[PDB]
Amino acid sequence: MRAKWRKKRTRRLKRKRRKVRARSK
Amino acid sequence: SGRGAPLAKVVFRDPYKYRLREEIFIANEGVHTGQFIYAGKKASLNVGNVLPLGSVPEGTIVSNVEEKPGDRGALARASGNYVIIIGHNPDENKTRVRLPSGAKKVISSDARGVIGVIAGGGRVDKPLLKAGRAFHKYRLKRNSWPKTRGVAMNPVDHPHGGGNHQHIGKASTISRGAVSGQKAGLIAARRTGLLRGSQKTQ
Amino acid sequence: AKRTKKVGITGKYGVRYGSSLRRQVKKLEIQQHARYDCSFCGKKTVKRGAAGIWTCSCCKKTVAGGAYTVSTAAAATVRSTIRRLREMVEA
Amino acid sequence: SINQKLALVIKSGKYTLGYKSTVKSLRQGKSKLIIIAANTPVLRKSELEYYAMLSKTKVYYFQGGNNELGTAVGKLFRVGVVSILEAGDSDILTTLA
Amino acid sequence: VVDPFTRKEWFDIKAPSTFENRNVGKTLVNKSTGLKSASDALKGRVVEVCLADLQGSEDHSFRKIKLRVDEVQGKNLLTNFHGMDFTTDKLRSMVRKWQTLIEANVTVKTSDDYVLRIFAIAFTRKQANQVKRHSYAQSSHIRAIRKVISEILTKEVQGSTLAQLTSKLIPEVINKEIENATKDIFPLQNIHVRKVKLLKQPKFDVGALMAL
Amino acid sequence: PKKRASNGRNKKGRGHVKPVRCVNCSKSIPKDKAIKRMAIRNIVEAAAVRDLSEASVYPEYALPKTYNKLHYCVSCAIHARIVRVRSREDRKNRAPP
Amino acid sequence: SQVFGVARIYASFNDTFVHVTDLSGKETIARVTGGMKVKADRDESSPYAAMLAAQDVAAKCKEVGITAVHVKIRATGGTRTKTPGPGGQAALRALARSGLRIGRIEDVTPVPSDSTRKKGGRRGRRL
RNA sequence: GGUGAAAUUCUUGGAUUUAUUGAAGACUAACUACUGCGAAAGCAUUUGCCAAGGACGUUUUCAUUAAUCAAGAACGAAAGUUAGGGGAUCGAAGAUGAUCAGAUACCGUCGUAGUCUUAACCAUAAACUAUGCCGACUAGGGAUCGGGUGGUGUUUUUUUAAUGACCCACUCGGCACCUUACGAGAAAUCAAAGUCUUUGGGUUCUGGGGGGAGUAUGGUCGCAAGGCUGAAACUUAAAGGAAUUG
RNA sequence: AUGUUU
Ligand SMILES: [K+]
Ligand SMILES: [K+]
Ligand SMILES: [K+]
Ligand SMILES: [K+]
Ligand SMILES: [Mg+2]
Ligand SMILES: [Mg+2]
Ligand SMILES: [Mg+2]
Ligand SMILES: [Mg+2]
Ligand SMILES: [Mg+2]
Ligand SMILES: [Mg+2]
Ligand SMILES: [Mg+2]
Ligand SMILES: [Mg+2]
Ligand SMILES: [Mg+2]
Ligand SMILES: [Mg+2]
Ligand SMILES: [Mg+2]
Ligand SMILES: [Mg+2]
Ligand SMILES: [Mg+2]
Ligand SMILES: [Mg+2]
Ligand SMILES: [Mg+2]
Ligand SMILES: [Mg+2]
Ligand SMILES: [Mg+2]
Ligand SMILES: [Zn+2]
Ligand SMILES: [Zn+2]
């Protein structure tokens, strides 16, 4: 995989993790 | 009261009778008390002076502009508003101007305007932040506030009233040829939805 | 001491109306409650009356201005452009 | 420059700061030059010019306001007009106009 | 099937009054009819003809001249000067690498009322004994040269009518004047008045139009 | 490894150079890196010089030329054979043929 | 001692226009293009179609009364090509050989002072 | 029109093309370079104003006031964010035409945000010379930029000369370049990447096999996007650099 | 102009 696209996919994954963590409390 | 722009009290001498004549101008930004205002065809191009539109160069910024010579100001009177002189037609003497809404108007070159921009600009940039501030804003203008939504009414009270859910039910764009009692919503709307792209069609 | 970290004058609104609206109000409230230099007497004594009215406590001179600041950028641009047009017309 | 000459006058010569002392010096005829701030009220400026015309005293119009004139004479307060009584060792009275 | 050229009649463009020669060519227009006048269709046409054609000499192969039809009289279009421009090929030939291109432009009013914009160009050149291969100017030379050229153009106009400036452009005396006034700053091989642009016309005044 | 001693461009002492667009594909390439070729073509060669000299009403016209500075991106220049891939030693030869 | 029009050969890619007008340019005479003389959708810019179109334009100009043409040749210009199309050369050749006289050939391709960012994206057409 | 060829689209309500105009916004072609300036990002129409700066000249002045720098600050392309203005062009998204086996990819036609500007953020780039800064020294050469010095120098006018441009020589500072390399390097190559086992001029920062991973968590900054800081478990005998022959 | 995998 391209490093740039791996970085993009990881950033999207962190966005999802942040969203799910905000949902949780 | 009820006006965004401050007013200026300019005292002139009566040319035909010994007395003073006080006029209520809309203050242009930069106009101060004790300032000499010069009004007429031969007045200099200084902020606050009243000149005919034909006597000012292209690109001049004017305010409180007359639609016709002698109506004592109709255009660009609200706070922060102005008219741009965009050209002249000396034969069949007329002045091309740009109005605050962006419309291009042809006015008689004898129509007068005040050099400068109406004072009080930037007023609508501050959030009202409160129903109370809206209350006091319209307390000195007219009984137009607060506004009940038509969809929140009954069918007897509004075209939008009624229904087991709050909804318009039919298109809210109303024909220009509609009648009183029907013209609720977007009257003669050329388009709807969020505005995307460039305005000022030509 | 610094009583508030960021709200400043908008601490009077508490937690109401939204942070973005409070910040927008804060900028203009600082602008409208600030003192300004008098162009006539040279003192920092110009304060707002109603919107668009700016009076100097010394020398008692009142100038038309912006709703929340003594001079708006549009007004300054207009003043400079009228200066230019007048100078071109006279020469 | 003019600010340098004025600084030399403040350092070595004799001067007064302010409308009242300037007018007093003009009326006693011991004023050699009066420097008037740009933002001086026009009535006061005209009165100072009239006093200078009667006393045959030179007038210099400082391009700055009272804040800038006070700074140029080296004070922390606004000065609307400066009167030079003695130039000291300074070329302000001769290298003008 | 209507053959629109069967209803078109020809006119002679007696274009200039002072260039060298009356006749520059022909143009066809719709025959004058009820609600559409042929002189109305004419009187706005701008013809661009080469100064070489206008003078009869081929040393004016560049510098095309614009002539705007001002008045129509009996199968003779009387035009007047409307603008001057170099040819694209000549301009591109003059613009070369390893040299400095200097451009000046002024907006000046002729003696009577004509508002023109004059664009002059110049290029640095090597000296006779120059070994260095580019001969660039130091841009303070460029500012000085631009000031000199602008002053020369501004004073050459404002002292001459439109006709006088037209009769001055053909001998290119402004170019020689610029060379004389700039030789003490930089050699400036290829000085030219590359463009004259009309911005505003006075009152028509057919009376002084009647010089042709 | 570094293929070109300076770089695949001509920029030392600048940092940023404004780009140009390739005439063939419109790719944005820095002005110094773009392959620049001048075209000074005769406005008529076309095996037609004699034809238009005869048809011309001007004797010895000396018909003009068309000047056009073409900027090529590296890919377009290589594909159009404006510039060709050279040997490792031949790359360090900046003289045109 | 001739009657002069203006040839106005716009030789783009995908087409060539041979548009002879009066000296002013307001009045046109028989603007004919390569797409009128070939129907293939790809030989519109071909030299052969340009030659046929130029021959037709010259015949119509000779019937109208035009004897010579001042030539103004252009490319698309703007920001796109600046290079005359393959058909303009053939169009001028055909105008020369069709009996019309020629004068003052000039390139009038519209060239900007670096305006109007070009189409294609910063990576260009990736063929 | 547009393409490899097409198609979408527009078109006898006259499209495309021609001429005369007008408006808008963006940009600043050619000149333009192994040229210039800036700390870097960057900066290319004219003129005016406002401050600033390097180099040079200096038998001017002060006299160690300096170099590099945790913490801390200022600026920081593009994209993106907030709110106004503006919105010509191009154009993430989106819609469409074709191609293909599929092709909401490349290619074509539109087109939103954006692109521009103001007032605030953001603080990241293959932000590159993948080469920290200050200092000294060690080959040759020719260019070129800026300043200075000299010539029985060439041209240009003022009338002696003088600047202006140019030639020649020197010189200081700069962007670089060519040859050779004693020398260095794994080599590519390098006037520094040399003066390094014959190892020490001063100083800041960074790395310790490849992944996991710039991930998780915590902190802090940010409106958000995100930035800065930043593991461990586990896994693995290679991964990688330069060059050689196929 | 389009041609995938081993
Ligand atoms: K409501
Ligand atoms: K309802
Ligand atoms: K075609
Ligand atoms: K847009
Ligand atoms: Mg409401
Ligand atoms: Mg109810
Ligand atoms: Mg009802
Ligand atoms: Mg209804
Ligand atoms: Mg209900
Ligand atoms: Mg490689
Ligand atoms: Mg960079
Ligand atoms: Mg390819
Ligand atoms: Mg330019
Ligand atoms: Mg330069
Ligand atoms: Mg730090
Ligand atoms: Mg940015
Ligand atoms: Mg980084
Ligand atoms: Mg790095
Ligand atoms: Mg490791
Ligand atoms: Mg390898
Ligand atoms: Mg295999
Ligand atoms: Zn006051
Ligand atoms: Zn390309």
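Because only heavy atoms are used, hydrogens play no part in the values below, and waters and symmetry mates are left out as well, while side chains stay in. Sequence lines set the chain letters: A, B, ... in the order given, protein chains first and strands last, and positions in each chain run from 1.
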Please tabulate, one pair per line, each protein N/O and nucleotide N/O from nucleotides 224-235 of chain H that are separated by under 3.5 Å, including the distance.
from    : atom 1 : to      : atom 2 : distance (Å)
H/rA225 : OP1    : A/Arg18 : NH2    : 2.7
H/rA225 : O3'    : A/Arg15 : NH1    : 3.0
H/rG226 : OP2    : A/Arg18 : NH2    : 3.0
H/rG226 : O3'    : A/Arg11 : NH2    : 3.4
H/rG227 : OP1    : A/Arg11 : NH2    : 2.3

Please list, pair by pair, any protein nitrogen or oxygen found under 3.5 Å from a nitrogen or oxygen in nucleotides 87-89 of chain H.
from   : atom 1 : to       : atom 2 : distance (Å)
H/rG87 : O6     : B/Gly197 : O      : 3.4
H/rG87 : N1     : B/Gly197 : O      : 2.8
H/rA88 : OP2    : B/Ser198 : OG     : 2.8
H/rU89 : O2'    : G/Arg117 : O      : 3.1

Does a side-chain N or O of [X] approach OP1 or OP2 of [N] to a distance below 4.0 Å, or not?
X	N	result
G/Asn14	H/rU3	yes
A/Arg17	H/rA216	yes
B/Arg96	H/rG22	no

- Item | Set of residues satisfying ring-ring contact (aromatic ring centres under 6.0 Å, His included) with respect to E/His82, sequence neighbours excluded |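 With neighbours one apart ignored, the set is empty.
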
- Under a 4.0 Å heavy-atom criterion, the protein footprint on nucleotides 152-159 of chain H, written with B, S and -, is -BBBS---

- Task: Mark up nucleotides 28-33 of chain H, 5' to 3', with B wherever a protein heavy atom is under 4.0 angstrom from a base atom, S wherever such an atom reaches only the sugar-phosphate, and - elsewhere.
- Result: SBBBBB

- Item | Residues that E/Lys66 engages under salt bridge (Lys or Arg N to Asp or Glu O under 4.0 Å), provided they are two or more places apart |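 Checked E/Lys66 against salt bridge (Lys or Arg N to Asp or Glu O under 4.0 Å); zero matches.
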
- Mind checking salt bridge (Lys or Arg N to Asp or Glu O under 4.0 Å) for E/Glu179 and listing every partner two or more places apart, or none if nothing turns up?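 Partners of E/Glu179 under the salt bridge (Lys or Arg N to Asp or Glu O under 4.0 Å) test: none.
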
- Query: Where does the angle between the aromatic ring planes of G/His70 and G/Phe4 fall among parallel (under 30°), tilted (30 to 60°) and perpendicular (over 60°)?
  - Reply: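 Aromatic pair G/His70/G/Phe4 classed parallel.
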
- Would you check if H/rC121 and H/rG80 are a Watson-Crick or G-U wobble pair, both distances kept under 3.5 Å?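 Answer is yes for this nucleotide pair.
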
- Does any N or O donor sit under 3.5 Å from an N or O acceptor when you compare the side chain of G/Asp15 with the base of H/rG1?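 No.
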
- Message: Assess whether a salt bridge exists between F/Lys65 and E/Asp89, defined as any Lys/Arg side-chain N lying under 4.0 Å from an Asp/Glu carboxylate O.
- Response: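 No.
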
Output a table of nitrogen or oxygen pairs between the protein and nucleotides 117-121 of chain H separated by less than 3.5 Å.
none

- Task: With sequence neighbours excluded, give me every salt bridge (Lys or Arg N to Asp or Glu O under 4.0 Å) pair touching residues 27-41 of chain F.
- Result: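 Residue pairs passing salt bridge (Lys or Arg N to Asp or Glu O under 4.0 Å), neighbours aside: F/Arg9-F/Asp32.
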
- Message: Is the shortest side-chain heavy-atom distance between E/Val69 and E/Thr27 below 4.5 Å?
- Response: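 No, every pair of side-chain atoms sits at 4.5 Å or beyond.
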
- Apply side-chain hydrogen bond (donor to acceptor under 3.5 Å, both in side chains) to C/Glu29 and list each qualifying residue two or more places apart in sequence or on a separate chain.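 Residues passing side-chain hydrogen bond (donor to acceptor under 3.5 Å, both in side chains) with C/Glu29: C/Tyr13.
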
- Task: Please round to the nearest 0.5 Å and tell me the distance separating atom OG1 of F/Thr66 and atom CG of G/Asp107.
- Result: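 If we round to the nearest 0.5 Å, F/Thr66:OG1 and G/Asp107:CG are 4.0 Å apart.
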
- Message: Need the pair for H/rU229. Rule: Watson-Crick or G-U wobble, both distances under 3.5 Å, any strand; none if unpaired.
- Response: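 Base partner found: H/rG218.
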
Protein-nucleotides 73-84 of chain H N/O pairs closer than 3.5 Å?
none

- Backbone N/O of E/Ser135 and side chain of E/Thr124: donor-acceptor pair under 3.5 Å: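 Indeed, once roles are kept as given, a pair shorter than 3.5 Å links the two residues.
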
Write out a two-atom table: protein N or O, nucleotide N or O from nucleotides 188-191 of chain H, distance below 3.5 Å.
from    : atom 1 : to      : atom 2 : distance (Å)
H/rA188 : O3'    : F/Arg88 : NH2    : 2.7
H/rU189 : OP1    : F/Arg88 : NE     : 3.4
H/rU189 : OP1    : F/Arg88 : NH2    : 3.4

- Task: Describe the nucleic acid contact of G/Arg80 in one word from base, sugar-phosphate, nothing, applying a heavy-atom distance below 4.0 Å.
- Result: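 Result for G/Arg80 = sugar-phosphate.
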
